[PDB]
Amino acid sequence: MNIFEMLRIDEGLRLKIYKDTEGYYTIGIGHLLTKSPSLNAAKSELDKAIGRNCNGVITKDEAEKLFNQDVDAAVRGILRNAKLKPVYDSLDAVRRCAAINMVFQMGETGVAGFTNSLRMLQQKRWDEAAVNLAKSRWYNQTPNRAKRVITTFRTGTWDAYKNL
Ligand SMILES: CCc1ccccc1
């Protein structure tokens, strides 16, 4: 398992514009199009992202291209963030995937506010970090996914994702 397989499990794959868990227009493997209520605004964002007139539908190859771009953006975002980079650099490979997953889902400024959890993760206090991470809107709104990500942080193994 790697970050692509992990997020593909968590985000799924849909080739037509859909609404994510928060009700926002999204496409592909969790590619957020807009937080605007307007489907037309989303369709415009999609056409801009893909570079052709899509009429709300893309191919699997296009979805995977957006996915590559989004994962890269998440990682780069972490590396450019003064609060996130040192924690990320302190982590092992598997836990780094859990970190990218959170930033992919909630964005960099969002996770950068997870201050107490970040400290515990940098200190390698895994059980404590796991407990702290669950005290969050994140956990309460998407508990099944949060539990998988937290288990990954707690154990540094892919146990939560085996058997998908
Ligand atoms: C809060 C988990 C985390 C750690 C490092 C970087 C991003 C996210």
# chains A, B, ... in the order shown; residues from 1 in each chain; ligands from 1
$ residues_around --residues "range 113-122 of chain A" --least-positions-apart "6" --cutoff "10 Å" --atoms "only C-alpha atoms" --output "ChimeraX atom specification"
/A:83-84,86-91,95,99,128-136,153-154
$ write_last_selection --atoms "C-alpha atoms" --output "PDB file, in the first residue's frame"
ATOM      1  CA  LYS A  83       4.235  23.919  11.397  1.00  0.00           C
ATOM      2  CA  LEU A  84       3.682  20.759   9.348  1.00  0.00           C
ATOM      3  CA  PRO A  86       9.010  19.273  10.969  1.00  0.00           C
ATOM      4  CA  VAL A  87       6.347  16.813  12.161  1.00  0.00           C
ATOM      5  CA  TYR A  88       6.140  15.229   8.719  1.00  0.00           C
ATOM      6  CA  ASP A  89       9.927  14.909   8.507  1.00  0.00           C
ATOM      7  CA  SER A  90       9.952  13.241  11.923  1.00  0.00           C
ATOM      8  CA  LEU A  91       7.540  10.507  10.792  1.00  0.00           C
ATOM      9  CA  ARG A  95       2.668   7.599   9.112  1.00  0.00           C
ATOM     10  CA  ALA A  99      -0.440  12.869   7.260  1.00  0.00           C
ATOM     11  CA  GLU A 128      -1.949   9.876  23.098  1.00  0.00           C
ATOM     12  CA  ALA A 129      -1.960  11.386  19.602  1.00  0.00           C
ATOM     13  CA  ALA A 130      -4.639   8.910  18.536  1.00  0.00           C
ATOM     14  CA  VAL A 131      -6.881   9.930  21.424  1.00  0.00           C
ATOM     15  CA  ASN A 132      -6.331  13.613  20.692  1.00  0.00           C
ATOM     16  CA  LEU A 133      -7.015  13.244  16.955  1.00  0.00           C
ATOM     17  CA  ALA A 134     -10.433  11.741  17.665  1.00  0.00           C
ATOM     18  CA  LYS A 135     -11.479  14.822  19.652  1.00  0.00           C
ATOM     19  CA  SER A 136     -12.303  16.623  16.425  1.00  0.00           C
ATOM     20  CA  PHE A 153      -0.885   6.953  12.984  1.00  0.00           C
ATOM     21  CA  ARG A 154      -1.255   4.829  16.116  1.00  0.00           C
TER      22      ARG A 154
END
$ closest_residue --among "A:26, A:36, A:123, A:53" --to "ligand 1" --atoms "only C-alpha atoms and all ligand atoms"
A:123
$ select_by_dssp --residues "range 59-91 of chain A" --states "helix (DSSP H, G or I)" --output "PyMOL selection string"
chain A and resi 60-80+84-90
$ select_by_dssp --residues "range 3-161 of chain A" --states "strand (DSSP E or B)" --output "list in words"
residues 14, 15, 16, 17, 18, 19, 25, 26, 27, 28, 31, 32, 33, 34 and 57 of chain A
$ closest_residue --among "A:13, A:112, A:27, A:98" --to "residue 149 in chain A" --atoms "only C-alpha atoms"
A:98
$ atom_distance --atom1 "CA of residue 159 in chain A" --atom2 "atom 5 (C, counted along the ligand's line) of ligand 1"
19.9 Å
$ closest_residue --among "A:57, A:29, A:49, A:111" --to "ligand 1" --atoms "only C-alpha atoms and all ligand atoms"
A:111
$ closest_residue --among "A:162, A:137, A:148, A:85" --to "ligand 1" --atoms "only C-alpha atoms and all ligand atoms"
A:85
$ atom_distance --atom1 "CA of residue 78 in chain A" --atom2 "CA of residue 11 in chain A"
19.8 Å
$ residues_around --residues "range 69-77 of chain A" --least-positions-apart "2" --cutoff "12 Å" --atoms "only C-alpha atoms" --output "VMD selection string"
chain A and resid 2 to 8 28 to 33 49 to 50 62 to 67 79 to 85 88 to 89 96 to 112
$ closest_residue --among "A:138, A:25, A:126, A:18" --to "residue 155 in chain A" --atoms "only C-alpha atoms"
A:126
$ atom_distance --atom1 "CA of residue 1 in chain A" --atom2 "CA of residue 15 in chain A"
23.4 Å
$ decode --residues "range 47-96 of chain A" --atoms "C-alpha atoms" --output "PDB file, in the first residue's frame"
ATOM      1  CA  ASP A  47     -13.630  22.483 -17.750  1.00  0.00           C
ATOM      2  CA  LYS A  48     -10.805  24.727 -16.521  1.00  0.00           C
ATOM      3  CA  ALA A  49      -9.154  21.842 -14.647  1.00  0.00           C
ATOM      4  CA  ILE A  50      -9.327  19.355 -17.535  1.00  0.00           C
ATOM      5  CA  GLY A  51      -8.792  21.806 -20.390  1.00  0.00           C
ATOM      6  CA  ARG A  52     -11.812  20.840 -22.502  1.00  0.00           C
ATOM      7  CA  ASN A  53     -15.607  21.159 -22.350  1.00  0.00           C
ATOM      8  CA  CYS A  54     -16.501  18.164 -20.162  1.00  0.00           C
ATOM      9  CA  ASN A  55     -20.196  18.714 -19.516  1.00  0.00           C
ATOM     10  CA  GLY A  56     -19.723  17.296 -16.021  1.00  0.00           C
ATOM     11  CA  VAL A  57     -18.080  14.008 -16.990  1.00  0.00           C
ATOM     12  CA  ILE A  58     -14.436  12.911 -17.217  1.00  0.00           C
ATOM     13  CA  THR A  59     -12.521   9.755 -18.114  1.00  0.00           C
ATOM     14  CA  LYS A  60     -10.672   7.511 -15.677  1.00  0.00           C
ATOM     15  CA  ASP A  61      -7.334   8.744 -17.061  1.00  0.00           C
ATOM     16  CA  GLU A  62      -8.403  12.344 -16.409  1.00  0.00           C
ATOM     17  CA  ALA A  63      -9.503  11.474 -12.874  1.00  0.00           C
ATOM     18  CA  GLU A  64      -6.140   9.840 -12.198  1.00  0.00           C
ATOM     19  CA  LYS A  65      -4.308  12.881 -13.570  1.00  0.00           C
ATOM     20  CA  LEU A  66      -6.184  15.234 -11.215  1.00  0.00           C
ATOM     21  CA  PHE A  67      -5.434  12.746  -8.426  1.00  0.00           C
ATOM     22  CA  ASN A  68      -1.682  12.847  -9.101  1.00  0.00           C
ATOM     23  CA  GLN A  69      -1.809  16.647  -9.104  1.00  0.00           C
ATOM     24  CA  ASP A  70      -3.770  16.727  -5.846  1.00  0.00           C
ATOM     25  CA  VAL A  71      -1.494  14.313  -4.014  1.00  0.00           C
ATOM     26  CA  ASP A  72       1.540  16.284  -5.163  1.00  0.00           C
ATOM     27  CA  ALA A  73      -0.128  19.507  -3.999  1.00  0.00           C
ATOM     28  CA  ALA A  74      -0.862  18.000  -0.584  1.00  0.00           C
ATOM     29  CA  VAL A  75       2.747  16.891  -0.085  1.00  0.00           C
ATOM     30  CA  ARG A  76       4.182  20.184  -1.321  1.00  0.00           C
ATOM     31  CA  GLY A  77       1.777  22.025   0.954  1.00  0.00           C
ATOM     32  CA  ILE A  78       3.093  20.092   3.935  1.00  0.00           C
ATOM     33  CA  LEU A  79       6.714  20.756   2.968  1.00  0.00           C
ATOM     34  CA  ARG A  80       6.060  24.500   2.608  1.00  0.00           C
ATOM     35  CA  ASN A  81       4.262  24.732   5.953  1.00  0.00           C
ATOM     36  CA  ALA A  82       6.512  25.656   8.880  1.00  0.00           C
ATOM     37  CA  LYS A  83       4.235  23.919  11.397  1.00  0.00           C
ATOM     38  CA  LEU A  84       3.682  20.759   9.348  1.00  0.00           C
ATOM     39  CA  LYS A  85       7.087  20.108   7.774  1.00  0.00           C
ATOM     40  CA  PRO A  86       9.010  19.273  10.969  1.00  0.00           C
ATOM     41  CA  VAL A  87       6.347  16.813  12.161  1.00  0.00           C
ATOM     42  CA  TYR A  88       6.140  15.229   8.719  1.00  0.00           C
ATOM     43  CA  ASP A  89       9.927  14.909   8.507  1.00  0.00           C
ATOM     44  CA  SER A  90       9.952  13.241  11.923  1.00  0.00           C
ATOM     45  CA  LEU A  91       7.540  10.507  10.792  1.00  0.00           C
ATOM     46  CA  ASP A  92       8.152   7.093   9.237  1.00  0.00           C
ATOM     47  CA  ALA A  93       6.874   6.311   5.725  1.00  0.00           C
ATOM     48  CA  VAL A  94       3.532   4.796   6.716  1.00  0.00           C
ATOM     49  CA  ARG A  95       2.668   7.599   9.112  1.00  0.00           C
ATOM     50  CA  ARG A  96       3.648  10.124   6.447  1.00  0.00           C
TER      51      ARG A  96
END
